[PDB]
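Okay, so here's the structure we're looking at.
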């Protein structure tokens, strides 16, 4: 159960990290737009 | 086995996120060269 | 030990990925300050 | 590589990652059930 | 959004992730103890 | 806090992550092997 529970935490970390990745992509595109 | 499957699922997702991360590093470097 | 090492390999990879994310955010912020 | 290629690479890894997450959410659901059963 | 909303969102997701890492770290220790006499 | 210091930290953690991924890969192989010998 402690392994399954932890795998859930690792999964929920990956899910949250994808949002951070999405956000960084927006920032890059925004700065690109400013340069324009 | 489902636990070992899940380690594979998580590894795969981490792999893909890293490729994504390296794409965002490329983007930042393109912009950096410009500001300088 | 093998699967619990792998839990640890995965957690560590996620931690390293988090530090990479923080760094990318830093890059964006540096650009933002110079561009904005 | 180009911005156009970059856009496509990102959309392609993002969709891949969402599928890997859906599949890990699935396997986790099943793992919690089969652990409860044992 | 605004760049400020962006900063806040990043901070929030970052806070969620580090807590998940601390949780997983505490789990890791317990798990590694258990898997001696098992 | 410089760009070069950024390049260095990026390159450092890229190498780390890569080595962790390789360790996870070769250890996924081993767990799978052992699990199908069980």
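Methodologically, a virtual Cβ is constructed for each residue, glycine included, from the backbone with ideal geometry; neighbour enumeration extends over all protein chains shown. Derivation of every value follows stated rules applied to the coordinates shown; laboratory data play no part.
So what's the back-of-envelope 222 nm ellipticity for the protein assembly as shown, counting only DSSP H runs of four-plus at -39500 (n - 2.57) apiece and dividing by all residues, rounded to 500?
Result for the protein assembly as shown, helices only: -33500 deg cm²/dmol.
Ordered shortest first, which distances in nm separate the 7 Å Cα→C-beta label point of residue C:35 from those of the other copies?
When each copy's label point is compared with this one, the spacings are 0.7, 0.8 nm.
One decimal, nm, shortest first: give the distances between the label point of residue B:19 and those of the same position in the other copies, each label point 7 Å from Cα along Cα→Cβ.
2.5, 2.5
Please state, rounded to one decimal and in Å, the Kirkwood hydrodynamic radius that the protein assembly as shown gives when every pair of distinct Cα atoms enters the mean of 1/r.
With all distinct Cα pairs of the protein assembly as shown included, I get 18.5 Å.
To the nearest Å, what is the center-to-center distance of chain B and chain F, using C-alpha atoms only?
12 Å
Using Cβ contacts closer than 10 Å as the measure, can you line up E:37, D:12, C:15 from fewest to most?
Ordered by Cβ neighbours within 10 Å, fewest first: E:37, D:12, C:15.
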